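No value in this document is a laboratory result; all are computed from the given coordinates. Reconstructed Cβ throughout: ideal geometry from the backbone, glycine too, with neighbour counts over all protein chains shown.
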Amino acid sequence: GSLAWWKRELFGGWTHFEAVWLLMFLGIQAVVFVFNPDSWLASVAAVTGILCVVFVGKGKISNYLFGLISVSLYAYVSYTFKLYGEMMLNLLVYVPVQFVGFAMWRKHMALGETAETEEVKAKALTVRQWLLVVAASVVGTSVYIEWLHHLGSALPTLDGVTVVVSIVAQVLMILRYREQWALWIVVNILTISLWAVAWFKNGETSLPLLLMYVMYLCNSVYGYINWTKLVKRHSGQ
Amino acid sequence: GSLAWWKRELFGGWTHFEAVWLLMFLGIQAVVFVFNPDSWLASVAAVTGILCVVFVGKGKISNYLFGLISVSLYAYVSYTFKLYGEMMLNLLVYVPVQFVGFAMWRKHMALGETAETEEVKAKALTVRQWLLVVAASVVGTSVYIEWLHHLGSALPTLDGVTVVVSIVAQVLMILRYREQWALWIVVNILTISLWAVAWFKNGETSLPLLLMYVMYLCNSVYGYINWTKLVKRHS
Amino acid sequence: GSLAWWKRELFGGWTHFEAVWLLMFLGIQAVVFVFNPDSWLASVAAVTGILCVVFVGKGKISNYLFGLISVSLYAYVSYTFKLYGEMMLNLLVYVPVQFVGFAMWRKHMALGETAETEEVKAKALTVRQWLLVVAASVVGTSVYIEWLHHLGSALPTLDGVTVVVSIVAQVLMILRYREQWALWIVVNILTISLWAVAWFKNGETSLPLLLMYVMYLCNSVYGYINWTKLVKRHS
Ligand SMILES: CCCCCCCCO[C@@H]1O[C@H](CO)[C@@H](O)[C@H](O)[C@H]1O
Ligand SMILES: CCCCCCCCO[C@@H]1O[C@H](CO)[C@@H](O)[C@H](O)[C@H]1O
Ligand SMILES: CCCCCCCCO[C@@H]1O[C@H](CO)[C@@H](O)[C@H](O)[C@H]1O
Ligand SMILES: CCCCCCCCO[C@@H]1O[C@H](CO)[C@@H](O)[C@H](O)[C@H]1O
Ligand SMILES: NC(=O)c1ccc[n+]([C@@H]2O[C@H](CO)[C@@H](O)[C@H]2O)c1
Ligand SMILES: NC(=O)c1ccc[n+]([C@@H]2O[C@H](CO)[C@@H](O)[C@H]2O)c1
Ligand SMILES: NC(=O)c1ccc[n+]([C@@H]2O[C@H](CO)[C@@H](O)[C@H]2O)c1
C-alpha cells in the first residue's frame with residue numbers, strides 16, 4: 001500500500017551484483033526498443049517480466065503486480081506470432097495465479113538480514129516428495145492430451161512439453177518451494193527454442209521476448225542459488 | 001552382480017541435489033515420450049544414457065551397463081538421421097569401449113565419504129601432460145583424415161571435429177583423468193549443434209536426443225565439479 | 001621488452017585450470033583448422049583473439065598486440081560473410097582502441113600473488129555510476145542512429161544493439177572496470193546469434209569464428225570471476 005512501502009519493495013536490500021545485472025537487463029531491453037519503437041508491446045512485456053522474475057528470485061512479493069502486466073501482454077504477443085502453446089498458458093493459467101500467488105505468499109513473509117525489505121519464506125521438498133511431483137507431471141501430461149483434444153489439437157510436441165513443465169513450476173513457486181528453479185531452468189531453455197524456431201515458421205520472431213527468455217535463463221540460475229540461501233534462512237540451524 | 005549391491009550402486013549416496021536433478025531429467029524425458037510414443041527407441045536411448053553420464057559424474061562403475069544400452073540404440077537412431085559421423089562413433093568406438101572401461105575402472109574403485117557406495121579413483125593431468133594430450137589430438141587428426149579417405153567421406157567438418165574430441169575424452173575417462181570433463185563440455189556443445197542442423201538438412205530431428213544432449217551439458221559441469229572432489233579424496 | 005619479461009608475460013602466473021582451458025581452447029581451434037586449411041585466415045583470427053580475451057581475463061597487458069592481429073583479420077572476415085555491423089565495429093572502433101588501451105593500462109600494472117606476471121589494477125563501478133553508464137548507452141543509441149542515417153544503413157536491429165553494447169563494454173575495459181564482463185557476456189551471446197543467422201542468409205558461416213565466440217562466452221564468465229578477485233587484490 002504505502003509509498004514508503006513501495007520505496008522498500010523497489011529499492012530495498014539489493015546486493016550490488018543483483019543491481020548491476022537487473023540494470024543491464026533493462027538497458028539491453030531499452031536499447032533494443034530505441035531501435036524498434038513499433039513493437040512497443042513486446043518491449044513493455046519484457047521490461048515488466050524481467051522485473052517479475054528477478055523479484056521472484058529475490059523472493060519479493062511485488063513480483064506479482066509486474067507478473068500480471070507482463071504475462072497478459074506476452075499472451076497477446078505470443079498469439080500475434082502463432083505461438084499457441086505460450087498464449088493459452090499465460091492467459092488461462094498465469095493470469096489468475098498472479099492473485100492466487102499474492103494471496104498465499106502474502107501470508108508467509110519475513111524481514112531478511114538488512115531488514116530493508118521483506119522476503120518470502122522458502123521451503124525445500126525432499127527427494128521422495130519430489131519423485132511424486134515428477135510423476136504427477138507425467139500423469140497430467142496424458143490429462144493435457146485428453147483435454148485440448150476439444151477444438152481439435154494443434155500443439156507441436158515441444159510447444160507442448162514446455163507447457164506441462166511451466167504449470168508444475170508455477171505451482172511449486174506459489175507454494176514457496178525452492179525446487180521450482182530446477183524446473184524454470186528447463187522452461188527457459190525450451191521457450192528460447194520456441195521463439196528461435198518461430199523465426200522460421202514463418203521466418204519471423206520478436207527480439208524483445210526472445211532476448212527476454214535469455215535473460216530469464218540467467219536469472220533462473222540466480223533464483224536457484226538465492227532461493228537456496230533463502231531456504232536456509234528459515235530452517236533447522 | 002550381487003542384488004544387495006545393485007541396491008547400493010543404483011540408490012546409494014546421492015546428494016539431495018544430484019537426486020533432484022537426475023530425477024527431473026528423467027521426468028522431462030518421460031513427458032517427451034507421453035507426447036510421442038512413436039519413437040520410443042530414441043526415448044529409451046535418452047533415458048539409458050542420462051543415467052550413463054550422471055553415473056560417470058558420480059564415478060559409479062555401473063555406468064557402463066547403462067552406456068552399453070545407450071550407445072548402441074543411439075548409434076542406430078543417429079543413423080536414421082543421416083548423422084553418419086555419430087553412428088560410427090558409437091558403434092565402432094563406444095560399444096567396445098564400455099567393456100574396456102569396465103575392465104580398468106574395476107581395479108581402481110574406492111570407498112567414498114558415506115561408505116554407502118564406492119567411487120572410481122580420479123586422477124589429474126599436469127599442464128605438461130595436458131599440452132601433450134592436446135598435441136596428440138591435432139597430430140592424431142591427420143590420421144583420422146587419411147583413414148576414412150578410404151570407403152569415401154562426406155565428412156562434414158562439424159561432425160568430424162566432434163568425433164576426434166569425443167575419442168580423446170573417452171580415452172581420458174577410461175583412464176580416470178578429471179580433465180575428460182573439459183573435453184566433454186565441448187563435445188556436448190558441438191553435438192547439440194549436429195542435432196540442431198539435422199532439422200535444416202532436412203526438416204527433421206529427434207527431440208529426445210536433442211534434449212538428452214542439453215542435459216548432458218548441464219551434467220558435464222557437475223561432472224567437472226565432482227571429479228575435482230574425487231581427485232582430492234584419493235590423493 | 002626483455003626475453004626475461006616475455007617469459008613472465010606468456011607463461012607467468014596461470015592457475016592449472018586456466019592453463020587447461022587455454023591449451024584446449026587452442027587445440028579445438030587447431031583441429032577445426034586441420035580439417036579446413038581452406039581458410040586459415042579465420043583460424044589465425046580465432047587463435048589470436050582467444051589469446052586476446054583470455055589475456056584480458058588474466059589482466060595481462062600483451063593482450064593488446066594479440067587483439068590488434070585478431071580484430072583486423074576478423075574485421076576483414078566478418079566482411080566476407082556480409083556481417084556489416086561487426087566489420088565496422090572492429091575496424092573503426094577496435095583497431096584504434098588496441099592502441100588507446102595499451103597506452104592507458106600500461107600506467108596501472110601491479111604484481112599479484114605469485115610474483116610472476118603483472119596484473120592490471122581492477123576497479124569497480126558503484127550502482128549509482130552503473131545507472132549513468134547504462135542510461136548513457138540508451139541516449140548514445142539514438143545518437144548513433146543519427147550518425148548511421150547518413151549514406152543509409154543495412155543494419156539489422158540485432159547487429160545494431162551488439163555494436164552499441166560492444167563499445168560500452170570496450171570503454172569499461174579501457175577504463176579498467178570489472179563491470180565490463182557483464183556487457184561482454186551479453187555481446188558474446190549476441191555475436192553467436194549473429195554468426196548463427198549469417199549461416200542462414202546467405203547459407204554461410206565460418207566455424208572458427210562461431211567456435212571462437214562460444215569460447216569467448218566461456219571465458220567472459222571466467223573473466224567476471226577473476227576480475228572480482230582482481231578488484232579485491234587492489235583494495
Ligand atoms: C526497479 C528498481 C531496482 C533497480 C536496482 C536498484 C538497486 C538499489 O541499490 C541500493 O543501493 C544502496 C547502496 O548504495 C543500498 O543501501 C540498497 O540496499 C540497495 O538496494
Ligand atoms: C538410478 C537411480 C535414480 C534415483 C536416484 C535418487 C534416489 C535417491 O537417493 C537416495 O535418497 C536417500 C534419501 O533418504 C538417501 O539417504 C540416499 O543416500 C540417496 O542415495
Ligand atoms: C565450466 C566448468 C566448471 C569447472 C569448475 C570446477 C572447479 C575446477 O577447478 C579446479 O579447482 C581446484 C582447486 O579448487 C584445482 O586444484 C584444480 O586445478 C582445478 O581444475
Ligand atoms: C599463451 C602461451 C602459453 C599458454 C599458458 C601455458 C600455461 C603455463 O602455465 C604455467 O605452468 C607451470 C606449471 O609447470 C607453472 O609453474 C607456471 O606458474 C604456470 O603459469
Ligand atoms: N524464470 C522463469 O521462467 C520464472 C521464474 C519465476 C516465476 N515465473 C512466473 O511465470 C511467469 C513468467 O514465465 C510469471 O507469472 C512468473 O510469476 C517464471
Ligand atoms: N557428458 C558426456 O558427453 C559424457 C560424459 C561421460 C562419458 N561419456 C561417454 O560417451 C558415452 C555416453 O554417451 C559413454 O561412452 C561415456 O563413457 C560422455
Ligand atoms: N570476451 C569478450 O567479448 C571480450 C572481453 C574483453 C575484451 N574484449 C575486446 O574485444 C575484442 C575481442 O574480439 C578485443 O578488442 C578485446 O580487447 C572482448
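How many angstrom lie between the C-alpha centres of segment C:1-47 and segment C:161-235?
Using only Cα atoms to place each centre, the spacing works out to 18 Å.
Let me know the mean shielding of B:126-138 by other chains, meaning the per-residue number of their Cβ atoms within 10 Å of its Cβ.
Mean partner-chain Cβ count within 10 Å for B:126-138: 5.
List the relative contact order of segment A:58-205 as a percent without decimals, with contacts defined as Cα pairs under 8 Å and 6+ residues apart.
25 percent
How do C:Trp227, B:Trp147 line up, fewest other C-beta atoms within 10 Å first? Present the calculation step by step, with values, prior to reporting the outcome.
Working: C:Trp227 26, B:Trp147 10.
Fewest-to-most Cβ neighbours within 10 Å comes out as B:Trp147, C:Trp227.
When C:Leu209, C:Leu132, B:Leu89, A:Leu10 are ordered from fewest to most other Cβ atoms inside 10 Å of their Cβ, what list results?
If I rank by nearby Cβ atoms, fewest first, I get C:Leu132, A:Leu10, B:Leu89, C:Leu209.
List the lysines whose alpha-carbon lies under 18 Å from that of B:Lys229, not counting same-chain residues fewer than 8 positions away?
Hits, sequence-local ones excluded: B:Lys58, B:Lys60, B:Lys121, B:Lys123.
Nearest 500 deg cm²/dmol is fine: what mean residue ellipticity at 222 nm does the protein assembly as shown get from its DSSP H runs of n ≥ 4 alone, each adding -39,500 (n - 2.57), divided by its residue count?
So the calculated ellipticity at 222 nm is -23500 deg cm²/dmol.
Looking at the square roots a ≥ b ≥ c of the eigenvalues of the Cα gyration tensor of chain A, which shape do they give, rounded for a/c under 1.5, prolate if a/b is larger than b/c, or oblate?
Because a/c hits 1.5 or more and a/b fails to exceed b/c, chain A counts as oblate.
Classify chain C as rounded, prolate or oblate, taking a ≥ b ≥ c as the square roots of the eigenvalues of its Cα gyration tensor: rounded when a/c is under 1.5, otherwise prolate if a/b is larger than b/c and oblate if not.
Oblate.
Evaluate the relative contact order of segment C:152-235 (contact order divided by residue number), counting alpha-carbon pairs under 8 angstrom at least 6 apart; express in whole percent.
29 percent
Apply 1/(1 + (r/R0)^6) to the Cβ-Cβ distance of B:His234 and C:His150, taking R0 = 51 Å, and write down the FRET efficiency to the nearest 0.05.
0.15
Considering only the other residues whose Cβ falls under 14 Å of the Cβ of A:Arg8, what net charge follows from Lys and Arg at +1 and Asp and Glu at -1? Numbers along the way, then the final one.
On the way: positive: A:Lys7, A:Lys58, A:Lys60; negative: A:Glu9, A:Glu116, A:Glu118, A:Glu119.
Once positives and negatives cancel, what remains is -1.
With the Cα gyration tensor of segment B:1-76 giving a ≥ b ≥ c as the square roots of its eigenvalues, does the rule (a/c under 1.5 for rounded; else a/b larger than b/c for prolate; else oblate) give rounded, prolate or oblate?
The shape class here is oblate.
Cut-off is 10 Å between beta-carbons; in what order do B:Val100, A:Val164, A:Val20 appear when sorted fewest neighbours first? Let's see the in-between values first.
On the way: B:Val100 13, A:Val164 24, A:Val20 21.
Listing B:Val100, A:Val164, A:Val20 from fewest to most nearby Cβ atoms yields B:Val100, A:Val20, A:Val164.
Which length gain, in nm to one decimal place, applies between C:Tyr84 and C:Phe11 when the Cα-Cα distance is subtracted from 0.36 nm times their residue separation?
22.7 nm
Applying the Karplus parametrisation 6.51 cos²θ - 1.76 cosθ + 1.60 with θ = phi - 60° to the phi angles of segment A:90-104, what ³J(HN,Hα) value in whole Hz is obtained for each residue in order, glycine and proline being reported as x?
These are the phi-based 3J(HN,Hα) values: 5, 5, 7, 9, 5, 5, x, 4, 3, 6, 2, x, 4, 3, 6 Hz.
In what sequence, highest mean first, do A:151-158, B:152-159 appear when ranked by Cβ atoms within 10 angstrom?
Ranked by mean Cβ neighbours within 10 Å, highest first: B:152-159, A:151-158.
Note down the relative contact order for chain B as a percent, whole number, built from C-alpha pairs under 8 angstrom at least six residues apart.
With pairs under 8 Å counted, the relative contact order is 24 percent.
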